[PDB]
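# Survey of secondary and tertiary structure
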Amino acid sequence: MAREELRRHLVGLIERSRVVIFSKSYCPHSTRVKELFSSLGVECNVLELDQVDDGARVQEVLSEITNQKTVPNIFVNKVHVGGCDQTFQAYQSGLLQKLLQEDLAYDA
Ligand SMILES: [Cl-]
């Protein structure tokens, strides 16, 4: 509708990744979420929206998918977790750890 091939690549990224963090390189919230997953020994796919060509168009399409306008924007095992606050809440509640343990198939 905006960019059909971009929409498709973003979805494919989420579908194939145990964790995908849509981030910005300089953002301390992004930095904080990355550190959380690193502490848990979890490898993540990170897409730095400030470092991709047409990152504005990517954020726009990503808001269409997720109904969220801010970064960071976190998916775990294909489930939208949300922003930094929601990810730390998921950590505190046990949600994050249970989502991370679920069996899934990751292509590549
Ligand atoms: Cl650009």
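Residues numbered from 1 in each chain as written, not as in the entry; some residues may be left out. Heavy atoms only, no water. Residues with missing side-chain atoms left out of burial classes, pairs and counts.

- X-ray crystallography is the method the PDB entry states for this structure, with the resolution given as 2.21 Å.

- The protein is annotated in the PDB entry as Thioredoxin reductase 3 of Homo sapiens.
- Readers searching the PDB will find this entry under the title "Crystal structure of glutaredoxin domain of human thioredoxin reductase 3".

### Describing the pattern of salt bridges
- Counted by the stated rule, this structure contains two salt bridges.
- Between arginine 32 and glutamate 35 there is a salt bridge; the shortest N-O distance is 3.6 Å. Remark: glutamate 35 and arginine 32 occur in helix α2 (residues 28-39); sequence separation between them is three residues, near one turn of the helix.
- A relative accessible area of 38% places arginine 32 in the partly exposed class.
- With its nearest N and O atoms 2.5 Å apart, the salt bridge here joins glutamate 48 to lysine 34. Of this pair, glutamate 48 sits in strand β2 (residues 45-48) while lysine 34 sits in helix α2, and the two are 14 residues apart along the sequence.
- When its relative accessible area of 24% is taken as the criterion, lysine 34 is described as partly exposed. (Salt bridge = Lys/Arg side-chain N within 4 Å of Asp/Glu carboxyl O. Helix = DSSP H or I, 4+ residues; strand = E, 2+ residues; numbered from the N terminus. Buried < 20%, exposed > 50% of the residue type's maximum accessible area, 1.4 Å probe, protein only.)

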